[PDB]
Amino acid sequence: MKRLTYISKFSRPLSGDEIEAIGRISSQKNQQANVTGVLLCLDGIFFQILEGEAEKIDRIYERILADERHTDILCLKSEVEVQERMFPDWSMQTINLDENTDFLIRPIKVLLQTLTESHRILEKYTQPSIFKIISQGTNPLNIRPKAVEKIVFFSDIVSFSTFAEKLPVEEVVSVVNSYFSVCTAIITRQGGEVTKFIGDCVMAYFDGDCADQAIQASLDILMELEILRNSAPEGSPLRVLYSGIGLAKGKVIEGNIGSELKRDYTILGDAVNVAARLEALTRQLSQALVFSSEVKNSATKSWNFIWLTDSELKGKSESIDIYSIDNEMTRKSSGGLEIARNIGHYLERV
């Protein structure tokens, strides 16, 4: 069997009516599915454990994930090899701790709340891959390191030092965070993982056979930033927000990397360095998107590739053929590299 534990937050205040309406329907649907477990209610927070056949659990959780009466739904635990039920006589016992006033319940209830709100804080500082892994039934702490092929993505804000020199600190952070949010949303939707931010830089990666999605994600970022630039208020620093992007391909190590008290689940390898060095050349090459011939040849769609140059850094003393894609968006975004050379006056006056 499968057992799922999740927490969520009320989307909006819920009445006494609506809460037992939820318990009523859940218990009826679970009874029919031979699913058991507990739904707990505490100060605008839901906790639920559900157990049964994996196929039925998955369809139930799918509806739960779509229910607009709660949000911020987070799976804390997924066990997919359960031999014995934890809550057998109850299709869906609902328990409401708000109305509760039992005696040793009161200390446990404030404990539950403080643990949950502390957990919500830590969630904001946690890589999204960690919660994905947990939702697949895997403890991330026990993943062993592996060699894997990846497409590595690296991007940054053009002339970011000008933003930091000219703007108040709150506006610098607003710009960076806006940029990071655009990139993260598109990368995640295209099947990639944003694994690190460093300075105003984004490091991300895609599966090794997903060069098409990496390229499409890069073009979508450029398109979204175009929308953001031309939709921003007059005088806004967002009007001169441009990105460079570099993609590389290679075998890297994936796993838990860090000190004893603080690790990241992330990647390590030469392709990370190549992607960052290619991204650095966007300015000199007058191309907003640059990638290696290995990325180019690994792609299977008929992108309009343009050869840029043959050069190198490193390290390994090997030359690399560098490509972009030639379309209206990359031409406009590449022109933005030039524009961003002299945005100091524009930024001085926001």
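Just count from 1 along the sequence shown to find any residue number.
On average, which has the higher Cα B-factor in the deposited entry, 191-199 or 125-133?
Taking the mean B-factor of the alpha carbons in each, 125-133 is higher.
Comparing 315-323 with 40-48, which stretch shows the greater average C-alpha B-factor in the deposited entry?
Comparing 315-323 with 40-48, the higher mean C-alpha B-factor belongs to 315-323.
Maximum C-alpha temperature factor, selected from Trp90, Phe180, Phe206, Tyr242:
Among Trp90, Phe180, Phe206, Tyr242, the highest C-alpha B-factor in the entry belongs to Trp90.
Can you pull the Cα B-factors for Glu224, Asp102, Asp264, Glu117 from the entry and say which is highest?
Each of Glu224, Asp102, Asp264, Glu117 was compared by C-alpha B-factor; the highest is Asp102.
Within this chain, which third does the Cα B-factor at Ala299 fall in: lowest, middle or highest?
Middle third of the chain for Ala299's C-alpha B-factor.
Would you please rank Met329 by its C-alpha temperature factor against the other modelled residues of its chain and give the third it falls in: lowest, middle or highest?
Answer is lowest: the recorded C-alpha B-factor places it there.
In terms of the chain's CA B-factor thirds, is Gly269 lowest, middle or highest?
Lowest third.
Which third of the chain does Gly235 land in by C-alpha B-factor: lowest, middle or highest?
Highest third.
Which third of the chain does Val80 land in by C-alpha B-factor: lowest, middle or highest?
For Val80, the deposited C-alpha B-factor lands in the highest third.
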